[PDB]
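Below is one structure, written out as structure tokens; comments come after it.
Values in this text are rule-based calculations from the coordinates and carry no lab data. All Cβ positions, even for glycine, are placed from backbone atoms using ideal geometry, and neighbour counts span all protein chains on display.
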Amino acid sequence: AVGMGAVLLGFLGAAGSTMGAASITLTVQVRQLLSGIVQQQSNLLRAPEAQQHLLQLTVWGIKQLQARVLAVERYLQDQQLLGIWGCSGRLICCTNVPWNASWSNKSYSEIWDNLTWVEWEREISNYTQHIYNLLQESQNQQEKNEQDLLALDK
Amino acid sequence: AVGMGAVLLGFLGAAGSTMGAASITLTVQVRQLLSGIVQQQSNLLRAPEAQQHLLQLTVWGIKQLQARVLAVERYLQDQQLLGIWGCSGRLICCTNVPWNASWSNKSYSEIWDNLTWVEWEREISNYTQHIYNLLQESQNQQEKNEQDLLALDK
Amino acid sequence: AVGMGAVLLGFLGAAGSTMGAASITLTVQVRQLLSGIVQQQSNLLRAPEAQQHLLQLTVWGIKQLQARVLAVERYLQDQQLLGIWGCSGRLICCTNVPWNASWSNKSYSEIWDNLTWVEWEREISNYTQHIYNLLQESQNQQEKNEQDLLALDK
Amino acid sequence: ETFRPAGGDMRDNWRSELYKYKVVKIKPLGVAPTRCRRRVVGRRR
Ligand SMILES: *[C@@H]1O[C@H](CO)[C@@H](O[C@@H]2O[C@H](CO)[C@@H](O)[C@H](O)[C@H]2NC(C)=O)[C@H](O)[C@H]1NC(C)=O
Ligand SMILES: *[C@@H]1O[C@H](CO)[C@@H](O[C@@H]2O[C@H](CO)[C@@H](O)[C@H](O)[C@H]2NC(C)=O)[C@H](O)[C@H]1NC(C)=O
Ligand SMILES: *[C@@H]1O[C@H](CO)[C@@H](O[C@@H]2O[C@H](CO)[C@@H](O)[C@H](O)[C@H]2NC(C)=O)[C@H](O)[C@H]1NC(C)=O
Ligand SMILES: *[C@@H]1O[C@H](CO)[C@@H](O[C@@H]2O[C@H](CO)[C@@H](O)[C@H](O)[C@H]2NC(C)=O)[C@H](O)[C@H]1NC(C)=O
Ligand SMILES: *[C@@H]1O[C@H](CO)[C@@H](O[C@@H]2O[C@H](CO)[C@@H](O)[C@H](O)[C@H]2NC(C)=O)[C@H](O)[C@H]1NC(C)=O
Ligand SMILES: *[C@@H]1O[C@H](CO)[C@@H](O[C@@H]2O[C@H](CO)[C@@H](O)[C@H](O)[C@H]2NC(C)=O)[C@H](O)[C@H]1NC(C)=O
């Protein structure tokens, strides 16, 4: 177990660690999704305007743009998803959806004190998108209930 | 009226339906804004790296990039707007702004049980951006009031 | 002091104004980050499809795309940051991090009624990223505490 | 009246297949009256 300042530097640092221990490092994985791995000892000037010639159409030029856009392309998908689950701006979000033993019948400690996330995500590999569908179906049945409430509410 | 799992598949499915009924389908319209229309029976591998030649500068290559970026370009505008209205991460957001009969003087049911959204948005077509301006002006008069509060609060 | 409708138009309008007065204009600075400076008297049709030839690969064509993507590239960084501080969708966000006199030992009014933001940000110029690191370290120590709570909570 | 064949503009070939299509832009933001206020109220609760 390391310090709060090291946690920031340790991208994928709780990969082989137990699922419960991984939660201190949620932010550091998130930050990587757009900015890549964090830099400590050196922090150069990352501002705009570094293309002073026709170099934006070269091999690397195109490649970089593709990598830049893909990076945000993907980030938004993850956000939009969390959004339509009603978990916007939450690194840990409780839902209305009850867990299913068919998905997994492990106790808290059988998971959180015994499994790594990739290990567990491999167990839930099959039932994942279906859950993603319930998460979203829940959110709707919530929005429905609100309009329901706005009707009785004069 | 269809099932929770069908609601997910029915993009623009409450288009001709009454405004009150459209609320169960808010998430499904949102998801389309970035990922397009959902796919059910088939879900292929949409990962990166499918451009193995100089094809990124061709007709379709450029066209795709334009469509990809425009898609997120627009998504953010809708978000940033909701954000500066104080409605971030909300599919239904209450405001402080009172409704104006000049905008519309229909009762709840005269709208929600009688109109489709596009039908209604056509009625409010004129007074919309002005509202968008009040929504934002409200948010500011809120932020002002908070700093006001932080001053008296020692 | 101007009106609520003018506040919307006045980008960087409280630049030389005192920090406390700048809060009414937070939204208007935010909106610029993606859409640039607001337009009043004229509001033309900004829809897609205005490139009818091979003009997307020209000087301006490339330049525009670079400016378009950079604009969102940067916007997300600011958001993702606020996100991993637990301040998503907040224009004013309270934290758990206590202020440090070493950073600055000015009273409320010594700041808010006496300084401009750029003036103050120049004072805090040195201690900023370190704070950014505490903000994030706090958020983690929060997420840790939640998992802690989920363990005792059966 | 008498009719003759024409083939000058290829766009007619394209109109021949596309006639049943049109593209629209989706407008996800929507605004409407409701008895729900903000802050500490959603009509008495
Ligand atoms: C747990 O999930 C499984 C499968 O996702 C559910 O089992 C069956 O799912 C099929 C659809 O794939 C339904 O037609 C069956 O009715 C389900 N079985 C039962 C007994 O309901 C199972 O229902 C889920 N658990 C709970 C408690 O709903
Ligand atoms: C997820 O489901 C797949 C099946 O869709 C499992 O892969 C194999 O599936 C065949 C056909 O049903 C079984 O006969 C095999 O026994 C499965 N493999 C194994 C190793 O059991 C896959 O195992 C499932 N994932 C998990 C984690 O159980
Ligand atoms: C409802 O909206 C209308 C127009 O947006 C308001 O009517 C007038 O708006 C002009 C500005 O365009 C003002 O100069 C007038 O003072 C407004 N009339 C009145 C009687 O105030 C109208 O004010 C709005 N309704 C309410 C209750 O404010
Ligand atoms: C929105 O306002 C426009 C006017 O800016 C309306 O369009 C026409 O405007 C002229 C000039 O004022 C009127 O003489 C016409 O009667 C209007 N058309 C119609 C069909 O009434 C437009 O109608 C307004 N939108 C709605 C839904 O009333
Ligand atoms: C205010 O910040 C300063 C510097 O950021 C802290 O002062 C020292 O910081 C170094 C690390 O750079 C530590 O090794 C020292 O222990 C710190 N000094 C003391 C007295 O703790 C200072 O700690 C901060 N203020 C508070 C109250 O923690
Ligand atoms: C921020 O810190 C820098 C130093 O890292 C200050 O710049 C100068 O630093 C040298 C070396 O320590 C000092 O001898 C000078 O006195 C500093 N300049 C001035 C004008 O004092 C910089 O001043 C600091 N920023 C603020 C606002 O005090």
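When C:115, C:135, C:149 are screened for being surrounded by 14 or more Cβ atoms within 10 Å (Cβ to Cβ), farther than 22 Å from residue C:81 by Cα and either within 20 Å of the chain's Cα centre (by Cα) or away from ligand 3 (no atom under 16 Å from the Cβ) (or both), only C:115 passes. In this structure, residue C:60 does not qualify as in contact with a helix residue (DSSP H, G or I) (Cβ under 7 Å, 6 or more places away or on another chain) and more than 16 Å from ligand 2 (Cβ to nearest atom).
Counting only residues that are without any contact (Cβ under 8 Å) to a residue 12 or more places away in the chain and surrounded by 11 or more Cβ atoms within 10 Å (Cβ to Cβ), how many does segment A:37-47 have?
The initial filter retains those residues of segment A:37-47 that are without any contact (Cβ under 8 Å) to a residue 12 or more places away in the chain, namely A:39, A:41-47.
The next check asks that each one be surrounded by 11 or more Cβ atoms within 10 Å (Cβ to Cβ); those that pass are A:39.
Counting residues in segment A:37-47 that are without any contact (Cβ under 8 Å) to a residue 12 or more places away in the chain and surrounded by 11 or more Cβ atoms within 10 Å (Cβ to Cβ) gives 1.
Taking chain D as the range and being within 11 Å of chain B (Cβ to nearest Cβ) and among the basic types (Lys, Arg) as the test, the residues that pass are D:25, D:27, D:35, D:37, D:38, D:39, D:43.
Taking segment C:1-91 and the helices (runs of 4 or more DSSP H) fully enclosed by it, the elements with 2 or more residues that are at the interface with chain A (Cβ under 9 Å from one of its Cβ atoms) are at C:59-83. If you go through segment A:97-112 and keep only what is surrounded by 12 or more Cβ atoms within 10 Å (Cβ to Cβ) and not in a helix (DSSP H, G or I), you end up with A:97, A:100, A:103, A:104, A:106.
Results for (1) within 23 Å of residue B:80 (Cα to Cα); (2) β-branched (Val, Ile, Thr), shown as yes or no for each residue.
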position: D:1; (1), (2): no, no
position: D:6; (1), (2): no, no
position: D:16; (1), (2): no, no
position: D:20; (1), (2): no, no
position: D:24; (1), (2): yes, yes
position: D:40; (1), (2): no, yes
position: D:43; (1), (2): no, no
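Confirm whether residue B:14 is surrounded by 15 or more Cβ atoms within 10 Å (Cβ to Cβ) and not hydroxyl-bearing (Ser, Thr, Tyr). Considered against the rule, which asks whether it is surrounded by 15 or more Cβ atoms within 10 Å (Cβ to Cβ) and not hydroxyl-bearing (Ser, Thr, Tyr), residue B:14 comes out as yes.
Only one of A:108, A:75, A:127 is without any contact (Cβ under 8 Å) to a residue 60 or more places away in the chain and within 16 Å of ligand 2 (Cβ to nearest atom). Can you tell me which?
A:127
Of everything listed in (1) within 15 Å of ligand 4 (Cβ to nearest atom); (2) of a type outside the set (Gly, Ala, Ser); (3) over 28 Å from residue A:148 (Cα atoms), the single unmet condition for residue B:141 is (1).
Listed here are the residues, each with its yes/no results for (1) more than 16 Å from ligand 2 (Cβ to nearest atom); (2) out of contact with any helix residue (DSSP H, G or I) (no Cβ under 6 Å at 6 or more places or on another chain); (3) touching a residue at least 24 places away in the same chain (Cβ under 8 Å); (4) away from chain A (no Cβ under 14 Å).
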residue	(1), (2), (3), (4)
C:101	yes, yes, no, yes
C:114	yes, yes, yes, yes
C:132	yes, yes, yes, no
C:143	yes, no, no, no
C:152	yes, yes, no, no
